[PDB]
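To be precise, the following lines are my_file_20.csv, and they hold CSV, C-alpha atoms and all ligand atoms.
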chain,number,residue,atom,x,y,z
X,1,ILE,CA,106.4,111.7,90.6
X,2,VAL,CA,104.0,113.2,93.1
X,3,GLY,CA,103.1,111.1,96.2
X,4,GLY,CA,105.7,108.4,95.5
X,5,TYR,CA,108.6,106.9,97.3
X,6,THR,CA,112.3,106.6,96.8
X,7,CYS,CA,112.9,103.5,94.7
X,8,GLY,CA,116.3,102.5,95.9
X,9,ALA,CA,119.5,102.7,93.7
X,10,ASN,CA,119.2,100.5,90.6
X,11,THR,CA,116.0,98.8,91.7
X,12,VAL,CA,114.5,99.8,88.3
X,13,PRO,CA,117.2,98.8,86.0
X,14,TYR,CA,115.4,99.5,82.7
X,15,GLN,CA,114.8,103.2,83.6
X,16,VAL,CA,116.7,105.7,81.5
X,17,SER,CA,117.3,109.4,81.7
X,18,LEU,CA,117.3,111.5,78.5
X,19,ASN,CA,119.8,114.3,79.0
X,20,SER,CA,120.6,117.4,77.0
X,21,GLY,CA,122.7,119.2,79.6
X,22,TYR,CA,119.9,118.5,82.1
X,23,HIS,CA,117.4,115.7,82.7
X,24,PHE,CA,114.3,116.3,80.5
X,25,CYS,CA,112.5,113.0,80.0
X,26,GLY,CA,112.6,109.3,80.9
X,27,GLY,CA,112.6,106.2,78.8
X,28,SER,CA,112.8,102.4,79.0
X,29,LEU,CA,115.6,100.1,77.8
X,30,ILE,CA,114.0,97.4,75.7
X,31,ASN,CA,117.3,95.7,74.4
X,32,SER,CA,121.0,96.6,74.5
X,33,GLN,CA,120.7,99.2,71.8
X,34,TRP,CA,117.2,100.6,71.9
X,35,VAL,CA,115.1,102.7,74.2
X,36,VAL,CA,111.4,103.5,74.1
X,37,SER,CA,110.2,107.0,75.2
X,38,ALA,CA,107.5,109.5,74.3
X,39,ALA,CA,107.3,111.3,70.9
X,40,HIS,CA,106.8,114.6,72.7
X,41,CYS,CA,110.3,114.1,74.2
X,42,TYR,CA,111.9,114.4,70.8
X,43,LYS,CA,114.8,116.7,70.4
X,44,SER,CA,118.2,116.6,68.8
X,45,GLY,CA,121.3,116.2,70.9
X,46,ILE,CA,120.1,113.5,73.2
X,47,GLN,CA,122.4,111.6,75.5
X,48,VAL,CA,121.0,108.5,77.1
X,49,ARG,CA,122.0,107.9,80.7
X,50,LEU,CA,121.7,104.4,82.0
X,51,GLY,CA,122.2,103.0,85.5
X,52,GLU,CA,121.3,106.3,87.2
X,53,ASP,CA,120.0,106.9,90.7
X,54,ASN,CA,121.2,110.3,91.7
X,55,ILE,CA,121.2,112.2,88.4
X,56,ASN,CA,123.4,115.0,89.7
X,57,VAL,CA,126.3,112.9,91.1
X,58,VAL,CA,128.5,110.3,89.4
X,59,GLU,CA,128.1,107.4,91.8
X,60,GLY,CA,129.2,104.4,89.7
X,61,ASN,CA,127.2,102.0,87.4
X,62,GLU,CA,126.3,104.9,85.1
X,63,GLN,CA,126.6,104.4,81.3
X,64,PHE,CA,126.3,107.6,79.2
X,65,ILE,CA,125.6,106.8,75.5
X,66,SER,CA,124.7,109.2,72.7
X,67,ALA,CA,121.6,108.6,70.6
X,68,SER,CA,122.3,107.7,67.0
X,69,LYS,CA,118.7,108.1,65.7
X,70,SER,CA,115.4,109.0,67.2
X,71,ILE,CA,112.3,107.6,65.5
X,72,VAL,CA,109.1,109.4,66.3
X,73,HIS,CA,105.9,107.4,65.3
X,74,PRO,CA,105.0,108.7,61.8
X,75,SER,CA,101.4,109.3,62.8
X,76,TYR,CA,102.2,111.1,66.1
X,77,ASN,CA,99.9,114.1,66.4
X,78,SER,CA,101.2,117.0,68.5
X,79,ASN,CA,97.8,118.4,69.1
X,80,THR,CA,96.1,115.3,70.4
X,81,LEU,CA,99.1,113.3,71.6
X,82,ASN,CA,97.8,110.2,69.8
X,83,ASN,CA,100.6,107.8,69.1
X,84,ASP,CA,103.0,109.4,71.6
X,85,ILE,CA,105.9,107.0,71.2
X,86,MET,CA,109.4,107.2,69.9
X,87,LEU,CA,112.3,104.8,69.6
X,88,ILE,CA,115.9,105.8,70.2
X,89,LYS,CA,118.8,103.8,68.9
X,90,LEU,CA,122.0,104.0,70.9
X,91,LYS,CA,125.3,104.7,69.2
X,92,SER,CA,126.9,101.7,70.9
X,93,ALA,CA,125.3,98.8,72.7
X,94,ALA,CA,124.8,99.2,76.4
X,95,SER,CA,126.6,96.8,78.8
X,96,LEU,CA,123.8,94.8,80.4
X,97,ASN,CA,124.3,93.8,84.0
X,98,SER,CA,122.3,93.6,87.2
X,99,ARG,CA,122.0,97.4,87.3
X,100,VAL,CA,121.3,98.0,83.6
X,101,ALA,CA,118.7,95.6,82.1
X,102,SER,CA,116.0,95.5,79.5
X,103,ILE,CA,112.2,95.4,80.1
X,104,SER,CA,110.0,93.0,78.2
X,105,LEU,CA,107.4,94.2,75.7
X,106,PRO,CA,103.9,92.8,76.4
X,107,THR,CA,102.2,90.0,74.4
X,108,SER,CA,98.7,91.2,75.5
X,109,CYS,CA,97.2,94.4,76.8
X,110,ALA,CA,96.6,94.8,80.6
X,111,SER,CA,93.2,95.0,82.2
X,112,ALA,CA,91.5,97.6,84.3
X,113,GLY,CA,92.7,97.2,88.0
X,114,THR,CA,96.2,95.8,87.1
X,115,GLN,CA,98.7,97.3,89.5
X,116,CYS,CA,101.7,99.0,87.8
X,117,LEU,CA,105.0,100.6,88.7
X,118,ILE,CA,105.6,104.1,87.5
X,119,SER,CA,109.0,105.8,87.9
X,120,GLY,CA,110.8,109.0,87.2
X,121,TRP,CA,112.8,112.0,88.2
X,122,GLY,CA,110.0,114.5,87.6
X,123,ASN,CA,108.5,117.1,89.8
X,124,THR,CA,107.3,115.9,93.2
X,125,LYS,CA,104.9,118.7,93.9
X,126,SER,CA,101.4,119.3,92.5
X,127,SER,CA,101.7,123.0,93.4
X,128,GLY,CA,105.1,124.4,92.7
X,129,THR,CA,108.4,123.0,91.4
X,130,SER,CA,110.5,120.4,93.3
X,131,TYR,CA,112.7,118.1,91.4
X,132,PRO,CA,114.4,115.1,93.1
X,133,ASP,CA,118.0,114.0,92.9
X,134,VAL,CA,117.1,110.3,93.1
X,135,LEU,CA,114.7,108.1,91.3
X,136,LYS,CA,111.1,108.1,92.6
X,137,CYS,CA,108.5,105.2,92.3
X,138,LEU,CA,104.7,105.0,92.4
X,139,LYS,CA,102.4,102.0,92.4
X,140,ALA,CA,99.3,102.9,90.5
X,141,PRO,CA,96.4,100.9,89.0
X,142,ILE,CA,95.0,101.0,85.4
X,143,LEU,CA,91.6,102.6,85.4
X,144,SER,CA,88.6,101.4,83.4
X,145,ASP,CA,88.0,103.0,80.1
X,146,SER,CA,84.7,104.4,81.3
X,147,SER,CA,86.3,106.2,84.1
X,148,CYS,CA,89.1,107.5,81.8
X,149,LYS,CA,86.7,108.8,79.2
X,150,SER,CA,84.5,110.4,81.9
X,151,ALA,CA,87.6,112.3,83.2
X,152,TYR,CA,88.7,113.5,79.7
X,153,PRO,CA,85.7,113.3,77.4
X,154,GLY,CA,86.5,113.3,73.8
X,155,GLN,CA,90.3,113.3,74.4
X,156,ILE,CA,91.0,109.6,74.9
X,157,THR,CA,91.9,107.4,72.0
X,158,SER,CA,92.2,103.7,71.7
X,159,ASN,CA,96.0,104.2,72.1
X,160,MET,CA,95.8,105.7,75.5
X,161,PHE,CA,94.8,104.5,79.0
X,162,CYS,CA,94.5,106.2,82.4
X,163,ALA,CA,96.3,105.1,85.5
X,164,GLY,CA,96.4,106.6,89.0
X,165,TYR,CA,94.0,107.8,91.7
X,166,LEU,CA,90.9,109.8,91.3
X,167,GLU,CA,91.1,111.2,94.8
X,168,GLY,CA,94.3,112.9,93.8
X,169,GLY,CA,97.7,113.2,95.5
X,170,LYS,CA,99.6,110.6,93.6
X,171,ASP,CA,100.5,111.0,89.9
X,172,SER,CA,103.4,111.3,87.4
X,173,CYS,CA,104.3,114.9,86.5
X,174,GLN,CA,106.6,117.1,84.5
X,175,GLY,CA,109.9,115.5,83.9
X,176,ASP,CA,108.5,112.0,84.1
X,177,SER,CA,107.3,112.1,80.5
X,178,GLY,CA,108.5,109.1,78.4
X,179,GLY,CA,109.1,106.9,81.4
X,180,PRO,CA,107.8,103.4,82.0
X,181,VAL,CA,104.6,102.0,83.3
X,182,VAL,CA,105.5,98.4,84.2
X,183,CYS,CA,102.9,95.8,85.0
X,184,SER,CA,103.7,92.2,85.9
X,185,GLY,CA,107.1,92.5,84.4
X,186,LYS,CA,106.0,94.0,81.1
X,187,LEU,CA,106.1,97.5,79.7
X,188,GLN,CA,102.5,98.5,79.2
X,189,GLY,CA,102.7,102.3,79.1
X,190,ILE,CA,104.7,105.4,78.6
X,191,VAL,CA,104.1,108.6,80.6
X,192,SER,CA,102.3,110.9,78.1
X,193,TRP,CA,100.1,113.5,79.5
X,194,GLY,CA,97.5,114.7,82.1
X,195,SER,CA,95.9,117.9,83.5
X,196,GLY,CA,98.2,119.4,86.0
X,197,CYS,CA,99.6,116.7,88.4
X,198,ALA,CA,97.9,114.8,91.1
X,199,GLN,CA,94.6,116.8,90.9
X,200,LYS,CA,91.3,115.2,91.9
X,201,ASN,CA,89.4,113.4,89.0
X,202,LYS,CA,92.3,114.0,86.6
X,203,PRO,CA,94.4,110.8,86.4
X,204,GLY,CA,97.5,110.5,84.3
X,205,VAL,CA,97.2,109.4,80.7
X,206,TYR,CA,99.6,106.9,79.2
X,207,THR,CA,100.5,105.6,75.8
X,208,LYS,CA,99.2,102.0,75.4
X,209,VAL,CA,102.3,100.1,74.4
X,210,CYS,CA,100.5,96.9,73.6
X,211,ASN,CA,99.1,98.5,70.5
X,212,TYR,CA,102.6,99.2,69.2
X,213,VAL,CA,104.5,95.9,69.6
X,214,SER,CA,104.4,94.9,66.0
X,215,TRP,CA,105.4,98.4,64.9
X,216,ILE,CA,108.3,98.4,67.4
X,217,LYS,CA,109.6,95.0,66.3
X,218,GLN,CA,109.3,95.9,62.5
X,219,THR,CA,111.1,99.2,63.1
X,220,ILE,CA,113.9,97.9,65.1
X,221,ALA,CA,114.5,95.0,62.6
X,222,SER,CA,114.9,97.5,59.7
X,223,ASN,CA,117.1,100.0,61.5
X,301,LIG,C1,103.4,118.1,74.8
X,301,LIG,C2,102.3,117.5,75.7
X,301,LIG,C3,102.5,118.2,77.1
X,301,LIG,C4,103.5,117.5,78.1
X,301,LIG,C5,102.6,116.5,78.9
X,301,LIG,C6,101.2,117.2,78.9
X,301,LIG,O1,100.3,117.0,79.6
X,301,LIG,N1,101.3,118.2,77.9
X,301,LIG,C7,100.1,119.1,77.7
X,301,LIG,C8,98.8,118.4,77.2
X,301,LIG,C9,97.7,118.3,78.0
X,301,LIG,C10,96.5,117.7,77.5
X,301,LIG,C11,96.5,117.2,76.2
X,301,LIG,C12,97.6,117.3,75.4
X,301,LIG,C13,98.8,117.9,75.8
X,301,LIG,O2,97.3,116.8,74.1
X,301,LIG,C14,95.9,116.3,74.2
X,301,LIG,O3,95.4,116.6,75.5
X,301,LIG,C15,103.3,116.5,80.2
X,301,LIG,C16,102.6,115.8,81.4
X,301,LIG,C17,102.8,114.5,81.7
X,301,LIG,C18,102.1,113.8,82.7
X,301,LIG,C19,101.2,114.5,83.5
X,301,LIG,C20,100.5,113.8,84.5
X,301,LIG,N2,100.6,112.5,84.8
X,301,LIG,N3,99.6,114.5,85.3
X,301,LIG,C21,101.0,115.8,83.2
X,301,LIG,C22,101.7,116.5,82.2
X,301,LIG,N4,103.6,117.9,80.5
X,301,LIG,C23,104.6,118.0,81.6
X,301,LIG,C24,104.1,118.4,79.2
X,301,LIG,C25,105.7,118.0,79.1
X,301,LIG,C26,103.9,119.8,78.7
X,302,CA,CA,124.5,109.5,88.8
Starting from the coordinates I provided, produce the structure as structure tokens.
Ligand SMILES: CC[C@@H]1[C@@H]2[C@H](C(=O)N1Cc1ccc3c(c1)OCO3)[C@H](c1ccc(C(=N)N)cc1)N(C)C2(C)C
Ligand SMILES: [Ca+2]
Amino acid sequence: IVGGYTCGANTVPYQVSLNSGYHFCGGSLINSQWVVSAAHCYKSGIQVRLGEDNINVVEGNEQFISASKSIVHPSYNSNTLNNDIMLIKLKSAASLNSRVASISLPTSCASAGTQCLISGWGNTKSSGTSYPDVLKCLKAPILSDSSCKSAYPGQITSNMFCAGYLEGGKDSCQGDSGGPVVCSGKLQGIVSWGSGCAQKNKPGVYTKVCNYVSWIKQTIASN
């Protein structure tokens, strides 16, 4: 997260860290046994880390649970990042509490100007590499489709939206991928892609979760 603030330990209880010996992506807990992340975060050997604040210190409230299966959207395209969403099933059910809790899926899409919360342990610098120990937060609005498409002509599908600041300085970045975009208590996006981080006229691009609710529900019920 570039231009953000320290969230505060466990203030974002649905945030997860995907770990393979190091933090490489975020995700969101959507019930006690399933996490939603980005398809481009797929790899084998994932451990899901719940209840984290400092990702380098065991502080208490952590739960570490292996992934049993990761389900990349069958129509995910690595070239265009269309349908950049993946479901992860935990080997065992998480213990839900005030520090580890699920986030609701939306029943409708959010509109332009809606203010959302974005969170992650990604790079905090637009020039250079600076990863934080603790979780960072950013409030960002959903941009209009016209502005999104003007920023990235021909690259925006109906499964993507832009959020952020055209003046630059505030954005998600490398290591935030897969993490949540939460608006009015609902998961509306997943950190997917962008052009650099926090550069002018190049906002972040996010997977539009409201387009996938029926797919998520159908897939969880059959797995
Ligand atoms: C595997 C995808 C990777 C991903 C993704 C990212 O941007 N990628 C490149 C990309 C750029 C434009 C595209 C595209 C892929 O497909 C269609 O158009 C990601 C990224 C995520 C968010 C932001 C940002 N908010 N500025 C910035 C970067 N990066 C840190 C990578 C991990 C390499
Ligand atoms: Ca920790």
Query - Residue nearest ligand LIG 301 (chain X) - candidates X:104, X:214, X:155, X:83, atoms counted: only C-alpha atoms and all ligand atoms - result: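 Closest residue, counting only C-alpha atoms and all ligand atoms: X:155.
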Report task. Pick out the closest residue to residue 1 (chain X) from this set: X:173, X:213, X:205, X:163. Count only C-alpha atoms. Result -> X:173
Query raised in the report: CA of residue 88 (chain X) and CA of residue 72 (chain X) are how many Å apart?
Result: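 Computing the Euclidean distance for CA of residue 88 (chain X) and CA of residue 72 (chain X) yields 8.6 Å.
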Requested in this report: Residues within 10 Å of ligand CA 302 (chain X), counting only C-alpha atoms and all ligand atoms: report them as a PyMOL selection string.
Outcome: chain X and resi 9+49-64+133-134
Writer output for current selection, C-alpha atoms, as a CSV table (one decimal), keeping the file's coordinate frame:
chain,number,residue,atom,x,y,z
X,9,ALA,CA,119.5,102.7,93.7
X,49,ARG,CA,122.0,107.9,80.7
X,50,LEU,CA,121.7,104.4,82.0
X,51,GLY,CA,122.2,103.0,85.5
X,52,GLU,CA,121.3,106.3,87.2
X,53,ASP,CA,120.0,106.9,90.7
X,54,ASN,CA,121.2,110.3,91.7
X,55,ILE,CA,121.2,112.2,88.4
X,56,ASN,CA,123.4,115.0,89.7
X,57,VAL,CA,126.3,112.9,91.1
X,58,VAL,CA,128.5,110.3,89.4
X,59,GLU,CA,128.1,107.4,91.8
X,60,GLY,CA,129.2,104.4,89.7
X,61,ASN,CA,127.2,102.0,87.4
X,62,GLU,CA,126.3,104.9,85.1
X,63,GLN,CA,126.6,104.4,81.3
X,64,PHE,CA,126.3,107.6,79.2
X,133,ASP,CA,118.0,114.0,92.9
X,134,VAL,CA,117.1,110.3,93.1
Query raised in the report: For ligand LIG 301 (chain X), which residue among X:94, X:39, X:30, X:216 is the nearest when counting only C-alpha atoms and all ligand atoms?
Result: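 With only C-alpha atoms and all ligand atoms as the atom set, the closest residue is X:39.
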Query raised in the report: For ligand LIG 301 (chain X), which residue out of X:66, X:119, X:197, X:29 is the nearest one, using only C-alpha atoms and all ligand atoms?
Result: X:197
**Report entry** Contacts to ligand LIG 301 (chain X) at 7 Å cut-off (all atoms listed in the file) as a list in words
**Finding:**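 Based on all atoms listed in the file, ligand LIG 301 (chain X) is surrounded within 7 Å by residues 40, 78, 79, 80, 81, 155, 171, 172, 173, 174, 175, 176, 177, 191, 192, 193, 194, 195, 196, 197, 198, 203, 204 and 205 of chain X.
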Kindly save the residues from that selection, with C-alpha atoms included, as a short mmCIF file (atom, residue, chain, number, x, y, z; two decimals), in the coordinates of the input.
data_model
loop_
_atom_site.label_atom_id
_atom_site.label_comp_id
_atom_site.auth_asym_id
_atom_site.auth_seq_id
_atom_site.Cartn_x
_atom_site.Cartn_y
_atom_site.Cartn_z
CA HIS X 40 106.80 114.60 72.70
CA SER X 78 101.20 117.00 68.50
CA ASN X 79 97.80 118.40 69.10
CA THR X 80 96.10 115.30 70.40
CA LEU X 81 99.10 113.30 71.60
CA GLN X 155 90.30 113.30 74.40
CA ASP X 171 100.50 111.00 89.90
CA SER X 172 103.40 111.30 87.40
CA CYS X 173 104.30 114.90 86.50
CA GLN X 174 106.60 117.10 84.50
CA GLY X 175 109.90 115.50 83.90
CA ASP X 176 108.50 112.00 84.10
CA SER X 177 107.30 112.10 80.50
CA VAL X 191 104.10 108.60 80.60
CA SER X 192 102.30 110.90 78.10
CA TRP X 193 100.10 113.50 79.50
CA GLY X 194 97.50 114.70 82.10
CA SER X 195 95.90 117.90 83.50
CA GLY X 196 98.20 119.40 86.00
CA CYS X 197 99.60 116.70 88.40
CA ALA X 198 97.90 114.80 91.10
CA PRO X 203 94.40 110.80 86.40
CA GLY X 204 97.50 110.50 84.30
CA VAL X 205 97.20 109.40 80.70
#
